[PDB]
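We begin with a single chain expressed as structure tokens, specifically the form deposited in one PDB entry.
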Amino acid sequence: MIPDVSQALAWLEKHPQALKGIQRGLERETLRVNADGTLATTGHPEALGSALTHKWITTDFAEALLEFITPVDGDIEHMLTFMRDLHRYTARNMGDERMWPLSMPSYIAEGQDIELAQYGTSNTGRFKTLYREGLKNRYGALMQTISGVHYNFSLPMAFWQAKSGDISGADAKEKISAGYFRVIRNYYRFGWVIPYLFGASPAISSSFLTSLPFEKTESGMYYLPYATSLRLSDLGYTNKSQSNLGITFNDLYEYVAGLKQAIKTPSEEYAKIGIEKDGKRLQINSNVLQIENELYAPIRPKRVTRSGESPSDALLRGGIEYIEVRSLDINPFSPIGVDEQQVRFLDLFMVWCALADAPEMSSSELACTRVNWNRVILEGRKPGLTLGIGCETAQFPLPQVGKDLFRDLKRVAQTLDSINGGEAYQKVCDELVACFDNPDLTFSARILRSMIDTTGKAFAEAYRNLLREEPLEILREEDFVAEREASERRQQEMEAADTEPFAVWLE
């Protein structure tokens, strides 16, 4: 079921230096909560400054939903250490609050009055806060409190140069885009390996509640015995409302047209919420997507946007720069929600996705890759589980398939280790591959176990105390203070540069 990648892998070993220079970025989301596990009600910590403009730390959907963002970097350890510094500092400046260690909320009711993210009185600030008011009315606040880790990855220019030789910058920027869509297509096909290894939401609270055979634990949580990531299921951070959009990943102009056409596409269900009600705006528009950001795909095209420019516009201007892997649940066994084993595995898998051939895929061919994903999401650890090629009959045993993939991955790993020196990548392949015959080693089995034997509050507490005792390693306090001061200015500056009133800006 896994494609032959002999030729591309041969090319790679003949061109080892094509992998030197990989760049990475991490986004990690987490809920601020009280020691009793309830949602924190305080505002965005003052030591963090403006969330609107802050470089490293900001807010996602809710004002209590922190997001930590590492600046793009090519050193794994440095990046993860930088991420920990952001945690360390925040944990020493939110009083007695602490972070939620899991993707799923445990003590948040549906309809719970949850403060939207606030971004002050600027037109951009109010626009973002309004986007979120719209999300709340559409999907509900509860779902938008679901937290995840996003893995951001780019291959070096030297990769493309070794593939294509000397060419025009118009041609080369196109090749890059095509390269990344190929990656995306392979990710849709084979990316279910991610939930299977690192999925960490086999359980959920009552609030999230189908004919699925849920069971219970003494702590009051509902779970499926073989599930990996319900965050990715219809019950979690859903994109079902969006499955009719016909967006494809074959070509840059097509991708963008479908995505622009999706912002202009009326939805019947959202009209009913209404755009304006009793003087209070409730959403940006009544369309399937309010803006491009609302595309809840498991991976997406990307280019850092210039000022005022939209995601789609950057893409057309400079082509695809990097890809954003979005399918990672929070790592409950790491105080920073993500670890070096996962980062290293995603390096190997993303590189492999760039190497393997990926036939063009229609909208309905893409919808068909979901069947294996769903299998893994809802019952990935079930003994005997089989997978198929698309919508076809399941025939291939999951362990055999993962092993097949991993023979290729160890080869990529050998190349990466021979550049950086050491054996770290190869060692990660040896650890993870054992998970296929032994699903109890996966994240979803490990945390399911711990939830039955007793969790979210206990881990949060342990992770708070561990973090506060830890000195910063890369940044200093003065760095955090200067960034806070400077973000607060950037916000004031935006608040004073507005010439038109919020109302005219929109239209």
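Numbering starts at 1 and follows the sequence shown. The term rigid core refers to the maximal set of C-alpha atoms that superpose within 1.5 Å between the two forms.
**Student:** Note whether residue 437 lacks coordinates in a third or more of the other compared entries that model its flanking residues.
**Tutor:** Result for residue 437: never missing in the compared entries.
**Student:** Find out whether the coordinates of residue 112 are absent in at least a third of the other compared PDB entries of the same protein.
**Tutor:** Residue 112: unmodelled in at least a third of the other compared entries.
**Student:** Answer with none, 1 to 3, 4 to 9, or 10 or more: how many deposited residues between residue 209 and residue 210 are not present in the coordinates.
**Tutor:** Gap size class: 4 to 9 residues without coordinates, per the record.
**Student:** How big is the unmodelled gap, if any, between residue 41 and residue 42 relative to the deposited sequence? Choose none, 1 to 3, 4 to 9, or 10 or more.
**Tutor:** None; the chain is continuous from residue 41 to residue 42.
**Student:** So 56-64 or 467-475, which one's hotter by mean CA B-factor in the entry?
**Tutor:** Taking the mean B-factor of the alpha carbons in each, 467-475 is higher.
**Student:** Averaging the C-alpha B factors as listed in the entry, name the stretch that ends up higher: 148-156 or 289-297.
**Tutor:** For C-alpha atoms only, the mean B-factor is higher in 289-297.
**Student:** Between 22, 486, 10, 496, which carries the biggest CA temperature factor in the record?
**Tutor:** Among 22, 486, 10, 496, the highest C-alpha B-factor in the entry belongs to 496.
**Student:** For the listed residues 438, 455, 30, 70, which one has the largest C-alpha B-factor as given in the deposited model?
**Tutor:** Out of 438, 455, 30, 70, the record gives the largest C-alpha B-factor to 455.
**Student:** Tell me, lowest, middle or highest third: where does the Cα B factor of residue 409 rank within its chain?
**Tutor:** For residue 409, the deposited C-alpha B-factor lands in the lowest third.
**Student:** Comparing residue 110 with the other modelled residues of its chain, is its CA B-factor in the lowest, middle or highest third?
**Tutor:** For residue 110, the deposited C-alpha B-factor lands in the highest third.
**Student:** Hey, what third does residue 333 fall into on Cα B-factor, ranked over its chain?
**Tutor:** Lowest third of the chain for residue 333's C-alpha B-factor.
**Student:** Using the B-factor values recorded in the entry, state whether the Cα atom of residue 199 falls in the lowest, middle or highest third among the modelled residues of its chain.
**Tutor:** For residue 199, whose C-alpha B-factor we compare with every modelled residue in the chain, the answer is the lowest third.
**Student:** Considering every modelled residue of the chain and its Cα B-factor in the PDB entry, is residue 104 in the lowest, middle or highest third?
**Tutor:** Answer is middle: the recorded C-alpha B-factor places it there.
What comes next is about the form deposited in another entry, which does not appear here.
**Student:** Against the rigid core, a Cα displacement of 2 Å or more between the shown form and the other one applies to just one of 293, 239, 386, 310. Which?
**Tutor:** Meeting the 2 Å or more criterion is only 239.
**Student:** Can we say the CA of residue 220 moves by at least 2 Å between the shown form and the other one when the core is superposed?
**Tutor:** Yes: residue 220 shifts by at least 2 Å between the shown form and the other one.
**Student:** Superposing on the rigid core, is the CA of residue 109 displaced by 2 Å or more between the shown form and the other one?
**Tutor:** For residue 109, whose C-alpha is compared between the shown form and the other one after core superposition, the shift is 2 Å or more.
**Student:** Can you tell whether residue 333 sits closer to or farther from residue 217 in the other entry than it does here, judged by CA atoms, where the change is 3 Å or more?
**Tutor:** Here the pair is closer than in the other entry; there, farther apart.
**Student:** Explain in one word, closer or farther, how the Cα atoms of residue 177 and residue 241 are placed in the other entry relative to this form, where the distance changes by 3 Å or more.
**Tutor:** It is closer: in the other entry, the C-alpha atoms of residue 177 and residue 241 lie at least 3 Å nearer than they do here.
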